[PDB]
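Visitor:
Number of protein chains: 2
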Amino acid sequence: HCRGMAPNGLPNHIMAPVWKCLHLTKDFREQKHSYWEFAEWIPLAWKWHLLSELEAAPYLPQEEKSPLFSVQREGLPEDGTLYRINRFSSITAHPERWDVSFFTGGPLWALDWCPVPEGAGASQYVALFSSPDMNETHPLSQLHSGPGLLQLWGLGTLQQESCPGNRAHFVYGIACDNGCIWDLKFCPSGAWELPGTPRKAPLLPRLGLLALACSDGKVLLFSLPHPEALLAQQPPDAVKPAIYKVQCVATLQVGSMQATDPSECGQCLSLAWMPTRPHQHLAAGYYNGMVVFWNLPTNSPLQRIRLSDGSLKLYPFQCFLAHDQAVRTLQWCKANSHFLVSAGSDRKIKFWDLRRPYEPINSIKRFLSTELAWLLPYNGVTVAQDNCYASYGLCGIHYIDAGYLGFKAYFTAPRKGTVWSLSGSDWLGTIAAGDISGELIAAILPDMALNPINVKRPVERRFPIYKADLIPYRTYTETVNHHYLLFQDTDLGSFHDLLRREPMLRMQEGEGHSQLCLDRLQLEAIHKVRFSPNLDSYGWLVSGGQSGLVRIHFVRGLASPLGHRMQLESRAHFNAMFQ
Amino acid sequence: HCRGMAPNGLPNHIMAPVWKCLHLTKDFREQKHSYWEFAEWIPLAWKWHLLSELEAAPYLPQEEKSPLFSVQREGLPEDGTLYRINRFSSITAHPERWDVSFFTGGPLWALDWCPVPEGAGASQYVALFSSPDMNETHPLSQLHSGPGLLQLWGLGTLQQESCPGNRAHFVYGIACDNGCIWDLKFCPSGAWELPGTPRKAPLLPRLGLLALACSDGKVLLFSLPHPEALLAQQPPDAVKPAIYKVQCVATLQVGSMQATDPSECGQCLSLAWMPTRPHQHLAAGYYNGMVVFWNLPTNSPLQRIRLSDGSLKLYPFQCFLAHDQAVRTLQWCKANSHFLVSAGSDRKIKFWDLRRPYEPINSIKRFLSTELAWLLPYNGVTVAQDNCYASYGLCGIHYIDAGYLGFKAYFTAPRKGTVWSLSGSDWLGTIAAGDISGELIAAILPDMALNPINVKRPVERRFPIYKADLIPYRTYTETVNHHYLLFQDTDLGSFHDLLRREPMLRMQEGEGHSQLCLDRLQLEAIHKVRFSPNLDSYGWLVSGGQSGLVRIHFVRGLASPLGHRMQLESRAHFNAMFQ
């Protein structure tokens, strides 16, 4: 037991699970991540054909300039100006709070951080996809296969010595000829190597491995080069946007050798890498309700064949019909990779045992669900939710035990709108969520080893990061000609007097009372949210949505002595090992 | 300097030499080993006549069953069952700690790993000799010439997936007429080829080249076939403990054409292969104190002649009287093969320059020296010692600079008993040592380019791998009838709490306090130790001695991210080279 106030102004019993999560994650990654995997799949610079503007012009997301926006920061003077920034361009970080906003030219629909290995102190990058058009929308049952652009954005190193005056740099983009990308998952560890690694001139040092869940119904696997390694090969007369057309390492698809009929699987809707070394398997959820596994190292002539360009086509080794409808989500269990969870548009969650796929461990019928988080330390899964079937006022975010403990679902955050995304930081045991109301919240989970019904009130464990509002000033032009975005950002510096601070009141006046908006584009809506997976920057969070603006925030109040020590202790071992 | 603790629980400054040694060895082997040598000396199956069990029995070691023993492991509740296993029987690997034990039928007196090319991932073997009798002992002055058996033991492949449930398999042995064997060395590189190599029916894919220091005063040079090719040639009805009468590739002896007088050199006592490409020279130490060199490719009719069976006889090209008494050890410099070091029963370590053999580079007088190790990165030599002349309590293991740096001898490990054998791992930068006291000790050397007196307490840099004891429930039978061997192993997985864990507190009574046994067989004495020279399995170690039991260990705490990184990069390159 513990009592009194933590240095950040939360009670110690609210912080104590967070500190426990650091040790469990540090211990886990030492055991079950690795520093190198897939040595065979390093980049080749001659496969990265830089496009001219004439060739690139079809792929660029079509809005050249952001909506007008403004930022108010809690406790600071009111800015009163309106900002508006070009596509592929960024405002500068606020000098004290280091929040950044950058514009991707289209509404964001996938987002993930590159996993830099532990304490390596590297430059930090987010990959993202923003749809070509702000108001185009895609029916699930149809394969789209249009043109679209994967974007990689560099954020600097995000050390305190770097964050004041930081900017997001669009380092390069990959032209994808495979339509919308619905999910991005980097290989969790073992894909990255040092940017100055000595390699023969074509073999650019590898930044990571990125899997793309395409609306074409297939998964593309790219190994990424470091940006400066490209420019060292690239001619210096290049276009300012560094747009590339790129060959896959592999295209993953569902089928068989000589399969005559293209599969009914439809769109690929979700991904998960195997969370443990050697990360050899990838799972994807399809529209037909299947979950499909490709064995990436597979030598076998039955799964692997090489296309005339040299990319691999991989067919799966295992499929099971997990759901009666689209498999909108997957999470793979970190603590034991024989277990998996999936949630589908049939509004069942199903936990799975991959050795015995004929029945789930536990099906729990629920409201329609949009994303799952399965944090390492906890037996259950947290669900983001669509309100369309909820009891009114009881929609929101729910933590659901996998069933052995049998606690009732912990109602961590009531929301009136739908929640489009979750991310759980293993370093924090926090969960953050993006809402169509344009509000971003974070919550600290109670220690789910102990019955959550003993929690006196969940409201003490959550705080808003920001809310977007529209200020007047059913399509994008009918909106942006008549409104600007206001971002209201909280003082994340500490949580003293939290329940009386005005933004925390403002959020509570949104809960239970706020109304769905249906007479405009819902430009405020936040689609994806991601805590940093990296121990360096572990307290950084990135989010964006229907505005196509992407914002980076630092949740300074969860920067803590144990984290800072663990960063430096890990820093020393890295520099003692890799130099 | 670097501060903090590595995740294995050793300080980073203690481990930083161990990590550095991987890079230095890799750069050396890229430049100075080779993929194929002695292309003419491919094994021919018709030279391998399989003995029946009736023919083999005179060559078989006379003990059909091991001494009784038990094995104990730090942190596992004690087993205490008394094992007793037949000649050529292996116990099964411990499912998690992967230690393996098997009985050779006699006391172990020679041992080396088969050198597997970097990245090959091959089956991993030890070739060994074990004396015909547990209690018989041979006078140095005499050419014993009694028959005995060279043994080849396959250890499986030591891949992570293969280590649980592994066993050591006696794949075959060679019936040797030329006396007992005092030393075994493989051709350090370029002998191995793929077991799947297509070759004509008389040829067999070559496992290695092996040279024997016979007590008959001559050196036997064998090319080993891969076992599968023998078993494909062998009739399947034959006895699977296959014992072959093998014709030598070459027989190496001191003399000249028409030299009627048999050489006074007596027994051969130590070998060194030329450590660098093309490995053309083999050096041997002799009882009369000479060091003798054969140029194995030699065409010259003055050095090479072919016997009627087609085996070679080679006379040397150069000799010198290095010592006043038997040359107990040779070590040949890897960094520059002009230099060689030797030790002898006259208890001087002499560093030689083989261009100028009349005067050693340096002669340092010491205690009676039993084996030397010369790790690639370090200028000096580490000496194992008999205690019979030592200043009391100062016996044990010393590292001795070749003299330019001029440091005092680094007293790396005090021992009461005589260290019978020593082995460095160039990959690890660490050394291990077998004692009549029955401990196996391993120790980490500092960066010997810097003054070792800066090491304030070397006890922080060593650990006991195991101790062998006799438990009472002058000859072998009168011993085993009243005692059994207890092997107690440390938890090699990490070095946390090391200086508090009971094996160190026990070992600190082995140092200094331990009263040496002299009144029985010394049945616990460890006569040989060998780290693996192979990048695959580089953290594995083999040991054995008067018990006739081999035991194998994996020093899990020293295998590291750089080891895994390096293994995979070498695996990718090797797979790109051989297909």
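Those protein sequence lines, which keep their order, are chains H and C. The first sequence runs 290 to 762, 785 to 890 under the entry's author numbering. The second sequence runs 290 to 762, 785 to 890 under the entry's author numbering. Even for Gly, the Cβ is constructed at its ideal location relative to N, Cα and C.
1) Using CA atoms only, rank isn't needed, just tell me which of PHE889/H, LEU846/H, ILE863/H is closest to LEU313/H.
2) Suppose you measure from the CA of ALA721/C to the CA of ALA502/H; what does that come to, to the nearest Å?
3) First and last residue of the beta strand (DSSP E) that includes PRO300/C?
4) Taking only the alpha-carbon atoms, compute the straight-line gap between residue 770/C and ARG644/C and give it to the nearest angstrom.
5) Using the Cα positions of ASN577/C and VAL670/C, report the straight-line distance between them to the nearest angstrom.
6) Would you verify that the beta carbon of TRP621/H is, or is not, closer than 8 Å to some beta carbon of chain D?
7) Buried or exposed: which applies to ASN676/H, given that a residue is buried once 16 or more other Cβ atoms fall within 10 Å of its Cβ?
8) May I ask you to list the residues that DSSP assigns as paired with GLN522/C?
9) Could you give the distance in angstroms between the alpha-carbon of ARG617/H and the alpha-carbon of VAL748/H?
10) So, is the C-beta of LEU879/C closer than 8 Å to a C-beta in chain H?
11) Starting from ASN886/C, trace the alpha helix (DSSP H) both ways and give me its first and last residue.
12) Could you compute how far the alpha carbon of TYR693/H sits from the alpha carbon of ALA611/H?
13) Going by C-alpha to C-alpha distance, which of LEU311/C, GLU363/C, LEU333/C, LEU357/C sits closest to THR370/C?
14) Quick one: using the 10 Å Cβ neighbour count with 16 as the cut-off for buried, is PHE656/H buried or exposed?
15) Less than 8 Å between the beta carbons of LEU498/H and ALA480/H, yes or no?
16) Would you tell me roughly how many angstroms separate the C-alpha atoms of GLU344/C and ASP526/C, rounded to the nearest one?
17) Between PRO406/C and chain H, is there a C-beta pair that is closer than 8 Å?
18) When the Cβ atoms of the region 349 to 366 of chain H are set against those of the region 534 to 543 of chain H, are three or more pairs found closer than 8 Å?
19) Can you tell which of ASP388/C, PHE392/C, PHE418/C, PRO487/C has its C-alpha closest to the C-alpha of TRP402/C?
20) Under the assumption that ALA702/C contacts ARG751/C (Cβ atoms under 8 Å), give the Cβ distance between them as a whole number of angstroms.
21) Which complete beta strand (DSSP E) runs does the region 337 to 402 of chain H hold, if anything under 3 residues is left out?
22) Quick one: measure Cβ to Cβ for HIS427/H and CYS469/H, integer angstroms, because I've assumed they're closer than 8 Å.
23) With 7 Å as the limit, tell me which residues of the region 542 to 563 of chain H have their beta carbon closer than that to any beta carbon of chain C; keep them in chain order.
24) Does any C-beta atom of chain C lie closer than 8 Å to the C-beta of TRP325/H?
25) Would you verify that the beta carbon of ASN886/H is, or is not, closer than 8 Å to some beta carbon of chain C?
26) Can you find at least 3 beta carbon pairs, one from the region 845 to 865 of chain C and one from the region 874 to 890 of chain C, that sit closer than 8 Å?
27) So, do the region 306 to 320 of chain H and the region 699 to 717 of chain H have three or more beta carbon pairs nearer to each other than 8 Å?
28) Could you spell out the range, first to last residue, of the beta strand (DSSP E) harbouring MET579/H?
29) Quick check on DSSP: helix, strand or coil for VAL307/C?
30) From which residue to which residue does the beta strand (DSSP E) around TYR699/H run?
31) Taking the straight line between their C-alpha atoms, what separation do you get for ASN455/H and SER378/H?
32) Can you grab the Cα-Cα spacing for the pair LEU810/H / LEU816/H, in whole Å?
33) Compute every distance between the C-beta of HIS290/H and the non-hydrogen atoms of the ligand ADP, then say whether any falls below 7 Å.
34) Shortest alpha-carbon distance to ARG495/H belongs to which of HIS794/H, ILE303/H, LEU797/H, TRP330/H?
35) Quick check on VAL543/H: does DSSP put it in helix, strand or coil?
36) Taking only three categories from DSSP, how would you classify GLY821/C?
Guide: According to the structure shown:
1) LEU846/H
2) 52 Å
3) Where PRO300/C is concerned, there is no enclosing beta strand (DSSP E), given that its DSSP letter is neither H nor E.
4) Missing here is residue 770/C: after 762, the next number in chain C is 785.
5) 23 Å
6) As a matter of chain content, chain D is missing from the structure shown, whose protein chains are H and C.
7) buried
8) For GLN522/C, which the question treats as bridged, DSSP gives no partner whatsoever.
9) 29 Å
10) yes
11) 872 to 888
12) 22 Å
13) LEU357/C
14) buried
15) yes
16) 16 Å
17) no
18) no
19) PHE418/C
20) 6 Å
21) 337 to 339, 358 to 362, 389 to 392, 397 to 402
22) 6 Å
23) none
24) yes
25) yes
26) yes
27) yes
28) 579 to 584
29) helix
30) 699 to 703
31) 13 Å
32) 7 Å
33) Annotation note on the ligand ADP: not contained in the displayed structure, which lists no ligands.
34) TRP330/H
35) coil
36) helix
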